[PDB]
Amino acid sequence: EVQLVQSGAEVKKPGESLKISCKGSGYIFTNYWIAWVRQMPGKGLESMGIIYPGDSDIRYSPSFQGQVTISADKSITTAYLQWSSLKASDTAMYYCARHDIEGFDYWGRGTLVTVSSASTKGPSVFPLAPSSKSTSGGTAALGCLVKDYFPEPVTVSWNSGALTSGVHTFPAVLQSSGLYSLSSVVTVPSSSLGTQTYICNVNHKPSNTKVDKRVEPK
Amino acid sequence: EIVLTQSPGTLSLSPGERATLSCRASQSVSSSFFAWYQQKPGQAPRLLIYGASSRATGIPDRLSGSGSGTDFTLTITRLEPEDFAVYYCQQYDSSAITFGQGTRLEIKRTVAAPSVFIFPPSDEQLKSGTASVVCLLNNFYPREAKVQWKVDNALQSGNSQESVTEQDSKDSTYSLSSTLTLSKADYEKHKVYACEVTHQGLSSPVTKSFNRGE
Ligand SMILES: [K+]
């Protein structure tokens, strides 16, 4: 199978440099173009440029000329994307894709790059406690507020993954401080509130922060 | 640079109906080098069609493309749940490859009012000098809703943020979470915290509230 394996998520401050990579396999690397594609948060796809590793022929989209260097090391079947000096609007998902007569027929999973003057910080996990004002005749809502962390992402599970029915984990919002804040809630029978413990399990890998918070009614 | 303009921007349809997406190019493109892609939330894009007419490997018969010159179209005949997603056209005739701005295709269903819950700040957070109040609008349709925050009946402005989930894969509903953030000092100088919700499925505004302490 054609595979495209990209390097891990990156977090940087403005002005800093960065190289990310894309390893192709399961096909003859030097017979196909590799394209780099940018997707800013909540926006569409933009082609940044294409490289033909066999020759190292390169064409950039006019917008990215001078901002980035696309390169390849054909012997280890890897393509690269480089910035000398990152700016905030370089925050995006970056996909590599094989390019041929069928367009972009295979895509990598994408590398997340976050660029901000903010520094990496782990979340404060606060309980969203269930009460009279969070019940709708039988059904009760409870949750966790995962506040003041950077960068994305965080993952949330409930009762170590044993509870998935009626869980909503919302997209984070970027606060004016440059830190993200996320809420994760679950709706349950109100009768189960007294007879069970509800724990949200929050992991923020960028800060190496794991947190398990019990959400008790009060 | 060849500009591609897709139509429409958003599309609401039920399963079994037909979707027709259009894409106009700022100059003529060979149909040999035209493509359509699909992207579901949190996933990489996937090729659907190339050469304007040719289905990629494993793409269902119900998807079909056509077009030439400046006008291209993608049609999905008998919509299935997995078809509901974002679609992008693309030309790769030019050395400068370009994409249309996208079309979001979502599931149309029976109007459902949100279930509204409100959450006070935790003792944990208040100790740190801040107070966040969260309001939850649960399992509603359509996506358009309006949340207003009120502290002692004063409309709050510029101190709240909200987000909305992707359309739920089981009931086709959305949910919304809104956080109002005030300092501890301000939280403890006011009493009535209210989340006022308006939505197509409500005949009048729903207001969930709590009183600090009680
Ligand atoms: K630099």
# chains A, B, ... in the order shown; residues from 1 in each chain; ligands from 1
call {"tool": "interface_residues", "arguments": {"of": "chain A", "to": "chain B", "cutoff": "6 Å", "atoms": "only C-alpha atoms", "output": "JSON, numbers by chain"}}
result
{"A": [44, 47, 61, 102, 105, 109, 128, 133, 134, 170]}
call {"tool": "residues_near_ligand", "arguments": {"ligand": "ligand 1", "cutoff": "7 Å", "atoms": "only C-alpha atoms and all ligand atoms", "output": "PyMOL selection string"}}
result
chain A and resi 15-17+84-85
call {"tool": "select_by_dssp", "arguments": {"residues": "region 86-214 of chain B", "states": "strand (DSSP E or B)", "output": "number ranges by chain"}}
result
B: 86-91, 98-99, 103-107, 112, 115-119, 130-141, 145-151, 154-155, 160-164, 174-183, 192-199, 206-211
call {"tool": "atom_distance", "arguments": {"atom1": "CA of residue 6 (chain B)", "atom2": "CA of residue 22 (chain B)"}}
result
5.5 Å
call {"tool": "select_by_dssp", "arguments": {"residues": "region 10-127 of chain A", "states": "helix (DSSP H, G or I)", "output": "PyMOL selection string"}}
result
chain A and resi 29-31+62-64+74-76+88-90
call {"tool": "residues_around", "arguments": {"residues": "residue 34 (chain A)", "least_positions_apart": "5", "cutoff": "8 Å", "atoms": "only C-alpha atoms", "output": "number ranges by chain"}}
result
A: 50-53, 79, 96-99
call {"tool": "write_last_selection", "arguments": {"atoms": "N, CA and C atoms", "output": "CSV table (one decimal), in the first residue's frame"}}
result
chain,number,residue,atom,x,y,z
A,50,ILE,N,5.3,21.9,-5.2
A,50,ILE,CA,5.5,20.5,-5.6
A,50,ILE,C,7.0,20.3,-5.8
A,51,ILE,N,7.5,19.1,-5.5
A,51,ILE,CA,8.9,18.7,-5.7
A,51,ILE,C,8.8,17.3,-6.4
A,52,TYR,N,9.7,17.1,-7.4
A,52,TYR,CA,9.9,15.8,-8.1
A,52,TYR,C,11.3,15.3,-7.5
A,53,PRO,N,11.2,14.4,-6.6
A,53,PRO,CA,12.5,13.9,-5.9
A,53,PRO,C,13.6,13.4,-6.9
A,79,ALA,N,10.5,13.7,2.0
A,79,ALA,CA,10.4,15.0,1.5
A,79,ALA,C,10.3,15.9,2.7
A,96,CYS,N,1.4,16.4,3.3
A,96,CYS,CA,2.1,16.0,2.1
A,96,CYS,C,1.2,15.0,1.3
A,97,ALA,N,1.3,15.1,0.0
A,97,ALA,CA,0.5,14.3,-0.8
A,97,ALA,C,1.3,13.8,-2.1
A,98,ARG,N,1.1,12.6,-2.5
A,98,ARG,CA,1.7,12.1,-3.7
A,98,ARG,C,0.9,12.8,-4.9
A,99,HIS,N,1.6,13.3,-5.9
A,99,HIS,CA,1.0,14.0,-7.0
A,99,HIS,C,1.4,13.3,-8.3
call {"tool": "atom_distance", "arguments": {"atom1": "CA of residue 217 (chain A)", "atom2": "CA of residue 141 (chain A)"}}
result
10.5 Å
call {"tool": "residues_around", "arguments": {"residues": "region 150-154 of chain B", "least_positions_apart": "4", "cutoff": "8 Å", "atoms": "only C-alpha atoms", "output": "short mmCIF file (atom, residue, chain, number, x, y, z; two decimals) with N, CA, C and O atoms, in the first residue's frame"}}
result
data_model
loop_
_atom_site.label_atom_id
_atom_site.label_comp_id
_atom_site.auth_asym_id
_atom_site.auth_seq_id
_atom_site.Cartn_x
_atom_site.Cartn_y
_atom_site.Cartn_z
N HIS B 190 -21.79 39.90 42.30
CA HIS B 190 -23.06 39.74 41.59
C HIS B 190 -23.71 38.43 41.94
O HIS B 190 -23.04 37.53 42.44
N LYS B 191 -25.01 38.32 41.71
CA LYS B 191 -25.81 37.22 42.25
C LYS B 191 -26.43 36.31 41.19
O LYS B 191 -26.27 35.08 41.25
N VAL B 192 -27.16 36.91 40.25
CA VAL B 192 -27.95 36.15 39.28
C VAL B 192 -27.20 35.99 37.97
O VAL B 192 -26.98 36.96 37.24
N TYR B 193 -26.80 34.75 37.67
CA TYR B 193 -26.09 34.43 36.44
C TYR B 193 -27.02 33.62 35.54
O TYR B 193 -27.48 32.56 35.92
N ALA B 194 -27.29 34.16 34.36
CA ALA B 194 -28.30 33.60 33.48
C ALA B 194 -27.76 33.40 32.07
O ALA B 194 -27.08 34.27 31.52
N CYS B 195 -28.07 32.24 31.50
CA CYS B 195 -27.78 31.94 30.12
C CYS B 195 -29.11 31.95 29.37
O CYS B 195 -29.96 31.11 29.63
N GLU B 196 -29.29 32.92 28.47
CA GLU B 196 -30.54 33.05 27.71
C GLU B 196 -30.35 32.54 26.29
O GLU B 196 -29.51 33.05 25.55
#
call {"tool": "residues_around", "arguments": {"residues": "residue 69 (chain A)", "least_positions_apart": "4", "cutoff": "10 Å", "atoms": "only C-alpha atoms", "output": "JSON, numbers by chain"}}
result
{"A": [19, 48, 49, 58, 60, 64, 65, 80, 81, 82, 83, 84]}
call {"tool": "write_last_selection", "arguments": {"atoms": "C-alpha atoms", "output": "compact mmCIF listing (two decimals), in the first residue's frame"}}
result
# COMPACT_ATOMS: atom_id res chain seq x y z
CA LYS A 19 11.76 21.59 9.32
CA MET A 48 2.31 25.40 -1.22
CA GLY A 49 4.37 23.75 -3.97
CA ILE A 58 10.57 22.28 -7.70
CA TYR A 60 6.28 26.86 -5.59
CA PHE A 64 5.00 30.89 -0.90
CA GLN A 65 8.07 31.83 -2.99
CA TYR A 80 10.80 18.14 3.67
CA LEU A 81 9.24 21.55 4.26
CA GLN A 82 11.28 24.37 5.86
CA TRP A 83 10.75 27.89 7.21
CA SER A 84 13.54 30.24 8.13
call {"tool": "closest_residue", "arguments": {"among": "A:103, A:108, A:66, A:41", "to": "residue 23 (chain A)", "atoms": "only C-alpha atoms"}}
result
A:108
call {"tool": "residues_around", "arguments": {"residues": "residue 95 (chain A)", "least_positions_apart": "3", "cutoff": "6 Å", "atoms": "only C-alpha atoms", "output": "PyMOL selection string"}}
result
chain A and resi 36-37+108+110
